[PDB]
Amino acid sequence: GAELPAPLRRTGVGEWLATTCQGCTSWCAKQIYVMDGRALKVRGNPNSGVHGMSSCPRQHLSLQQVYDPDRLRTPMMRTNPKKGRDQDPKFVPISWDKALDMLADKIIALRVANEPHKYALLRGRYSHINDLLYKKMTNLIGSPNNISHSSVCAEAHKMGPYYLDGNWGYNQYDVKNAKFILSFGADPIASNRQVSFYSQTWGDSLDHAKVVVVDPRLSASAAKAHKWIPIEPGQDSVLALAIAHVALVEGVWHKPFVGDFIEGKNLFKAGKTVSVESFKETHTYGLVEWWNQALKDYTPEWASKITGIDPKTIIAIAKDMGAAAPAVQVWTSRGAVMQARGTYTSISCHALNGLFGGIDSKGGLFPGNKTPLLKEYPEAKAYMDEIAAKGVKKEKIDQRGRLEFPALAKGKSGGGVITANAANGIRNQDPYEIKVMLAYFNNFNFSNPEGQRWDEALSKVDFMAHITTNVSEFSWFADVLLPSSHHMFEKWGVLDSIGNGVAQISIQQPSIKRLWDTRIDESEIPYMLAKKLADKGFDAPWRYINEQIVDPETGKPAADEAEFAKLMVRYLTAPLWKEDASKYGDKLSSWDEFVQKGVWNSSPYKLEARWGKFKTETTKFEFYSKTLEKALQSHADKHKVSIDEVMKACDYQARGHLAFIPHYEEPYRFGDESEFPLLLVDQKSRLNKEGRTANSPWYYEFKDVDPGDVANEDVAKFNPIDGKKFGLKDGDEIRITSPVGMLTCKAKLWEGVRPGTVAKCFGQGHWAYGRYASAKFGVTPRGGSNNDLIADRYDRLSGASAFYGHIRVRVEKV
């Protein structure tokens, strides 16, 4: 045990290789430290302009994912022909050639039978090389059913930004320069979309920003905020609307952005209409109409009656935001907006970003910077045969675009995925049966509300193959397992991130020798499948790949799987390293430089870039969303009904003008409150790498970094008032029951829980995945699966699944 002599010491001499973490959609650029062929450490890539070396804590858990002792090392096929939660698949190992042979035979059979639309491709997580496997392969086979997970993620959170300022997408938040931060359910030092960067800056920002966090639980962010507002689930818009009301009454909207009364005097008097012609809007549209149709009556007293919030607090917040303008940013989380009527919470909260001028302003929020990253491979129309051209026109299996599923992504009826509803279409064979399914990087039985519907749906699919690292809950229903090389350590990919006023593009590259007989999901597997399909007489995918996906420098197709994996990334990133990207940001001299640095950074965001040129119907920031009216009109006309009839069919309260303005929708609730007296407050663990760290022992060892939670346990947190009411004590084994299901976990009493609610992390309750994540693999879960409690419901205007607000539960000791 003597200290080693200097020539033999090993500290600091290993190799750092760039990659990208995907524990969340922060998608941080990383470096992996490698010694003796093993990945030993993860750090933020210092070259990153978004986050630098800053990282959230989950980067370290990555090491227990690549070195997860329950990873698949071989393709497999089930030998039990029956599928179900109660059916052991009896997987046996097979070769890649045999596994793809089986899948290829099933695909080709569809085409021979002129039913290629009964193929479905399901995508969970992904990288920006996904276009081939997700879209091109699917359409060339002849199916419209490339089903992403977007609507179980955050599509409702895009409704406000899109229908108010033309951004079907996320924003970055200029915390370093903020003077007021208002968060409706966002917890950016634990989750949301740059945990590394917002953790870097949050504490420092408290010296110049006043921070209010509106969340039914005391989140980490609320614990480091000037005010925690413990909102009743589903009532966020009430506060957002009352703030806007007070801002008008007090005259403290941001005049350089919004405009002003022509004659100077503030004519907004509570309860009383104003002449539209008396106000001259600058970069906004609809302020006075919004006031006249609804906002004039959304007083602090009205809001206090609903929420219990002190009206003096509402007023003080509104005035503080007015004085901070335009250095004002309003965050919305999934919690606020992924509710059956949540489109209008996104709209109501985001309207404040326009009203106080924070949109595209210093201290405010704005979209990701432009980058030249390509996101699609070449068009495949020339490779579409008649079978495929007919199949891709079929209605999608998720029923998007029906009267009650407008799913108005980017203003289009049926424009958005309805991930959770694909299970319903499958299990009802409506519009038709799905006979062949390929799915990757997804676990919808666990991650979708009421995922037992996926149990049912998948048990009815003739043939399904799952591309996965682990045998997860979804995998249990597969005919074939196709083991994936781990995205962060064994894969070529490319991702992006936004924050700190920049957008970055980062590489994923293998940092270790491939552990097992796996293949990269988005490149090698579709390449190998295309070859197999060509061998069997359907060579359109193979020809498409070999003729269209060729090296950007040499023009040659890939010689083999491994070359193709890298080629997929080289092709899309060539604008960054082959061409001069100086106009957008960094100038890279070569592919090798891109790989060595691992990240490309844009120039800093040009403030006010979008002022006066939003991609809305009016080109204004729309308090009265003519953009949304046009989308609703298109949907209504498609179904030969009025817009009001669409609202009714989609179970919104809005009628007439209210469909197009920020307004109060009473939150949808499911179940009898007297039988189910508690509202579920679903949350993420700050150690969740989405649904993928429950098989990591370090996750459990540090689980109490989630405020109120308990190491090595799955707890539901109750206010002590409700603990006393229901006879619960810390550590009690409890059953939580909703109208649609139940789970068991343990009780924790915590004052950071709003009375009448129960705050519980999603992420445990696996019955598969691995030996640490489950009690008895395939049979008995560890902890409790939140989504078994959550009734299958939708924000029908966006297609989003609802995970919040509507879930009533009861609790008892087991």
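One-based numbering along the sequence shown.
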Would you mind comparing 675-683 and 109-117 for me and telling me which has the higher average C-alpha temperature factor in the entry? 109-117
Higher of the two mean Cα B-factors (421-429, 351-359; per PDB record) comes from 421-429
C-alpha B-factor winner, where the candidates are 456, 232, 131, 704: 456
Per the PDB entry, which option out of 557, 160, 335, 368 has the greatest Cα B factor? 557
Chain-relative C-alpha B factor for residue 513 (record values, thirds): the middle
Tertile call for residue 394 (CA temperature factor, within chain, third-based) is the highest
Taking the values exactly as deposited, rank residue 712 by C-alpha B-factor within its chain and report the matching third: lowest, middle or highest. lowest
Based on the entry's values, in what third of the chain does the Cα temperature factor of residue 85 lie: lowest, middle or highest? highest
By the record's CA B-factor, is residue 79 among the lowest, middle or highest third of residues in the chain? highest
